[PDB]
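Heads up: the structure comes next, in structure tokens.
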Ligand SMILES: N[C@@H](CCC(=O)N[C@@H](CS)C(=O)NCC(=O)O)C(=O)O
Ligand SMILES: N[C@@H](CCC(=O)N[C@@H](CS)C(=O)NCC(=O)O)C(=O)O
């Protein structure tokens, strides 16, 4: 079928989540730029597609979607028999087992890690060290629980890479490789192990290379 | 069939989300109390099933799950042909269409509404009115977008009540009925219509009565 259409820059964490999923699932795509520096996402034209004025948006022959994790669940559903077939499970039980850790990204890991990424890399107000520390300490608590989980299983939800792991890549990679807070991940033995395995997957390497290609 | 097991108090918003789903899906359940004021959610036996020391947790013969929205997706999947069949759609496209608004709850509406609910109703320290204002203003911006959407469709995702609407009930109901922030919903005519329709569903009324009697 025709390549799907993704709106937004690969530097965006939420866009990156979608891109990594497409690549894992062997789904071809067009990428339409949205210039965040020109406030393009906040103007009326883009608002028809993403009503919160955020990236990414998704369009294929059947539907227009927003919210990165919903886009990714759709892709995993539509293209279940394609690419990495086990990415979001293969039946009701394996899917749900992964999904609880996807929700842990969305509700538990994502808020402090995303706020850190924003405040340290993408904000225009002076960095507030007290606020950085607050979210560092919150994220440390989460990663302590991950350290124990990853002492039992190779990946968050079990023995194989899943969307739960994938969903951690965007904020993880900015913290580890673009801030001085990488020790949160790398000083925890099992988290470091996991982080190394997931960030060196072909799909993620391809996303990082796409960022270089502008 | 054997009733599923749910852990936590009905005063909890995340527990309420699961209860409303079970009732919509006509799934019998057994509810195991956890007293949050007494830290029962941190008892080591309970942390074995919910490692973040939060509620709810879910058990049936097949699986133990945490994170309310993951639990609800599993319920909707397992019991697709039961109760309200359309709650999370009936095929790939209708499911995804609902799911983007479920993610909007999780990522956009949920954080400011949940922080308001916590600071105003479940905090041990005084409220910070500057922070209240910050979250009120954030939520107002979200609801301005909903106001536009709900002028186009009856419910968030279309012409039928869905899990997307359901997922807004717990924080919405506390703000409308237990704080002086209800104007956020009631001053917006389409949002108010929607709120009226979804909060008067029998499933939601049953949850509130469970809570009143707990
Ligand atoms: N919850 C959304 C988050 C989207 C989001 O916040 N995107 C950022 C880039 S990572 C954005 O659009 N920034 C520009 C803006 O918010 O105006 C998702 O997962 O898709
Ligand atoms: N993202 C979780 C949220 C769980 C959560 O924060 N639960 C509250 C109840 S509203 C709780 O357990 N609070 C007690 C605590 O965190 O110690 C879910 O949706 O299940």
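We place every Cβ from the backbone using ideal geometry, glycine too, and count neighbours over all the protein chains shown. No value in this document is a laboratory result; all are computed from the given coordinates.
Out of every Cα-Cα pair in the protein assembly as shown, what percent are more than 30 Å apart?
Of all Cα-Cα pairs in the protein assembly as shown, 42 percent lie more than 30 Å apart.
So for chain A, Kirkwood radius off the Cα pairs, Stokes-Einstein at 4 °C and 1.567 mPa s: how many µm² s⁻¹?
My calculation gives 73 µm²/s for D.
Which distances in nm, rounded to one decimal and ordered from shortest, link the label point of residue A:211 to the equivalent label points in the other identical copies, with labels set 7 Å from Cα toward Cβ?
4.1
May I ask you to work out the translational diffusion coefficient for the range B:153-214 at 10 °C, viscosity 1.306 mPa s, via Stokes-Einstein with Rh from the Kirkwood sum over Cα pairs, reported in whole µm²/s?
Answer from the Stokes-Einstein relation: 131 µm²/s.
Which chain A residue puts its Cβ closest to the axis that rotates A onto B, and at what distance in whole Å?
Output: A:106, 3.
Determine, for A:102, B:142, the number of other Cβ atoms within 10 Å of each Cβ, and report the residues in order from fewest to most.
Placing the least packed residue first, the sequence is B:142, A:102.
Taking the DSSP beta bridges in chain A as the whole, what percent of them are antiparallel, to the nearest 5?
Given both bridge residues lie in chain A, the antiparallel proportion sits at roughly 60 percent.
Please give the calculated 222 nm ellipticity per residue for chain B, where each DSSP H segment of at least 4 residues contributes -39500 (n - 2.57) and the sum is spread over every residue; nearest 500 deg cm²/dmol?
The helix contribution divided over chain B gives -16500 deg cm²/dmol.
Taking neighbour counts of Cβ atoms within 10 Å as a proxy for exposure, in what order, fewest first, do B:92, A:34 appear?
Placing the least packed residue first, the sequence is B:92, A:34.
Among B:116, B:65, A:36, B:121, which comes first, second and so on when ranked by fewest other beta-carbon atoms within 10 Å?
Listing B:116, B:65, A:36, B:121 from fewest to most nearby Cβ atoms yields B:121, A:36, B:116, B:65.
Mean separation of Cα pairs under 8 Å and 6+ residues apart, divided by the residue count of the range A:3-89: what relative contact order is that in percent?
36
With just the Cα atoms defining each centre, how far is the range B:1-27 from the range B:179-214? Give it in Å.
Cα centroid of the range B:1-27 versus Cα centroid of the range B:179-214: 18 Å apart.
In nm, one decimal, shortest first: how far is the label point of residue A:129 (7 Å from Cα along Cα to beta carbon) from the matching points in the other copies?
In nanometres, ordered from closest: 3.2.
Can you list the distances in nanometres, one decimal and ascending, from the residue A:32 label point to the identical position in each other copy, with the point 7 Å along Cα to Cβ?
5.0
Dimensions of the range B:1-126 along principal axes (Cα, Å, largest first)?
Rounded to whole Å, the extents work out to 46, 34, 21 Å.
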